[PDB]
Ligand code: SF4
Ligand code: SF4
Ligand code: FCO
Ligand SMILES: [Fe+2]
Ligand code: NI
Ligand SMILES: [S]
Ligand SMILES: [S]
């Protein structure tokens, strides 16, 4: 057909400001560039402040995943301050943060992604859209999609009620601080959390997980594209004891068919193609620097380019479920057989090709939502009503700390250095930074840039699969740039 | 249902997410019965230059009659390059450009969140993007369109929806010009609607007796004493959280921890350090 450059700015039904530019040749994407177009500079804003302020300031990186930033920050502060979080505060934190995993995945599938496959009502903001939007569902299945989108608006709001029960409010919780959680769970509020959880759980098991497989079965071609590098990172999340050694998601790297441990010293952030001063390139986060250079020639994004031992990796539900390889949900296994003819027991039984695909990332996110149900149920049984959840540590004069966790969209770490009782440096390496970054100093593309290669564009006037692929990764450019 | 365009500058999407939490009317009812949300990057069906051109087509037809919501601050440094919001016909559109394009032609501009209202975290010490509040940017550029500030980081959904409804009800009682004048009349000196921001947190706080008696909690989890020594900024904060509470009434900041003064024009620097007085 020939060669066509397509620019999409803004990419919509993501969080934040993203431009995607692709080259299409003979009906397939042959090159891609992603541009994070908005910068705030939290890493410089935080300098000089009382370190305890960080766990409030950093949440404003992103109003979709603020609990993830709160968590990474308080973990970094806990280490820097030498604070021993009480066992019950560890569990309370997990209840605050876990509820937002449910909120974020449900928001992402229904309110961001589902319109890629479902025609909404004939009114804004569901119209106008591409004339040939490739919406394949039957009248009845499309109506189920719309009904569930509407119901999901209530379910995601209930998830935020769950967050706020012990977190104070949401977005931007008040309840996580260095040293634990600010509000001891009472019997009465645990009843309130559990009652809401029951409603969310039922929606996840009865509606959300089935609809992802069912829609997927009408878009089976979308399991054959979007593989990219087929390399994944998990840094670990949701401490399950007080020794720091067992987590709901265990850390690991997967690349070139091999599993290996995660060593955070192997992270470097490159900036050749990013709007930051050239001299700051290739730094590990412990020596990270943030010096904007919005006029720098050749750069195309405010997202830095993180690499793990030179590798371009992806993060998120697929990464975590691939690395950890849990059993698939009973309903997922049943629907894989009923609707795809696939016999599968563990997540990796999907195979690398189908797991690392456009539709495989949606499946992974639904399966992870199911997986989180059991974790939250466990925490509700483990918590002790009335047992103290916080200690009140002093600000250290000089210290450092690192918090590692998994935000809904992938691996997150905050590093803080304290000098003269104030923040000397604060560096964030976030989930969509791993996914939506530009080329590194070696010219190697970021994960989503690489996953766009091979995406079909049979109609350049209706190039719907470009943003469909991007949305599968649940991008959050506020997080990516900070 | 009047057309609404929701433009995001240097925002975190928290002002959009808080709106999705509206209890009554629900967000479904807001979108299908109250407003016509013609452009919103986070939720709308179309994308890219097509979404921008759709907004421009509506703006042309409804010049003077659409409502413009701004989430996030407007960065002016580096010729606007710290916030690019789209591209149409190979021309990039900065937040500066967009506000100069649509701002003059809106019925009114609703600056949602402390960033848009007052600069907020992107304008705070250590920033370098020239993050500017909506009303200041418009005034600096000679744009006289009425601005209503709905601050908070994030605002409560009821403040956003309630301000929309107040303006729409006022317009249907007195017409566009008359109704906008009624709205101006219920704004405080910081441009905030007095129904939501006219009362002080501390003067209405259930722990006021403890403050007056000098009984202060020394740990966050002690819920008996006043939170002042732990950093509560309620004495300096004008919002109705004490009554409405948050997220379906399940909690609020003073009960759970401390107020950080998130609706105030000096947030965060004049409200920080958060955990001391
Ligand atoms: S808790 Fe805060 S708002 Fe309430 S009386 Fe004490 S200082 Fe005032
Ligand atoms: S209680 Fe204070 S910090 Fe919380 S939402 Fe209200 S004004 Fe903002
Ligand atoms: N989830 C989430 Fe936000 C992103 N990307 C972080 O970290
Ligand atoms: Fe960073
Ligand atoms: Ni985010
Ligand atoms: S996010
Ligand atoms: S989160």
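Neighbour counts are summed over all protein chains in view; Cβ atoms, including those assigned to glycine, are modelled from backbone coordinates with ideal geometry. The values are calculated or read from the model by the stated rules, or taken from the named source; no laboratory instrument gave them.
Listing for the model above:
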item: Failed condition for residue A:233, given (1) closer than 18 Å to residue A:347 by Cβ; (2) touching a strand residue (DSSP E or B) at 6+ places or on another chain (Cβ under 8 Å); (3) surrounded by fewer than 24 Cβ atoms within 10 Å (Cβ to Cβ); result: (3)
item: Filter pass, residue A:124 being within 25 Å of residue B:113 (Cα to Cα), touching a strand residue (DSSP E or B) at 6+ places or on another chain (Cβ under 7 Å) and assigned to a helix (DSSP H, G or I); result: no
item: Answer from A:135, A:102 - the residue that is surrounded by 22 or more Cβ atoms within 10 Å (Cβ to Cβ) and away from ligand 4 (no atom under 16 Å from the Cβ); result: A:102
item: Residue that is nearest to the other protein chains (Cβ to nearest Cβ), among those in the range A:287-317 that are within 15 Å of ligand 4 (Cβ to nearest atom) and surrounded by fewer than 16 Cβ atoms within 10 Å (Cβ to Cβ); result: A:291
item: Residue within the range A:451-468 that is within 16 Å of ligand 6 (Cβ to nearest atom) and either surrounded by 24 or more Cβ atoms within 10 Å (Cβ to Cβ) or within 18 Å of residue A:105 (Cβ to Cβ) (or both) present; result: no
item: Members of the range B:230-255 found to be in contact with a helix residue (DSSP H, G or I) (Cβ under 9 Å, 6 or more places away or on another chain), at the interface with chain A (Cβ under 8 Å from one of its Cβ atoms) and within 11 Å of ligand 1 (Cβ to nearest atom), listed by number; result: B:252, B:253
item: Residue count, the range A:7-53 (criterion: touching a residue at least 24 places away in the same chain (Cβ under 8 Å), more than 7 Å from chain B (Cβ to nearest Cβ) and not in a loop (DSSP other than H, G, I, E, B)); result: 17
item: Spans of strands (runs of 3 or more DSSP E) in the range B:1-94 with at least 2 residues in the same structural domain as residue B:167 (by CATH) and surrounded by 22 or more Cβ atoms within 10 Å (Cβ to Cβ); result: B:3-8, B:36-39, B:66-71, B:84-88
item: Of residues in the range A:84-99 being out of contact with any helix residue (DSSP H, G or I) (no Cβ under 7 Å at 6 or more places or on another chain) and assigned to a helix (DSSP H, G or I), the one surrounded by the fewest Cβ atoms within 10 Å (Cβ to Cβ); result: A:87
item: Scope the range A:58-82; condition more than 16 Å from ligand 7 (Cβ to nearest atom) and within 13 Å of chain B (Cβ to nearest Cβ); matching residues; result: A:77, A:81
item: First in the range A:427-444 and touching a residue at least 24 places away in the same chain (Cβ under 8 Å), second anywhere and within 16 Å of ligand 1 (Cβ to nearest atom) and part of a helix (DSSP H, G or I), Cβ under 7 Å, 6 or more apart; result: none
item: Qualifying residues in the range A:446-482 (those that are more than 16 Å from ligand 5 (Cβ to nearest atom), in a loop (DSSP other than H, G, I, E, B) and in contact with a strand residue (DSSP E or B) (Cβ under 7 Å, 6 or more places away or on another chain)) - the one nearest to residue A:268 (Cα to Cα); result: A:446
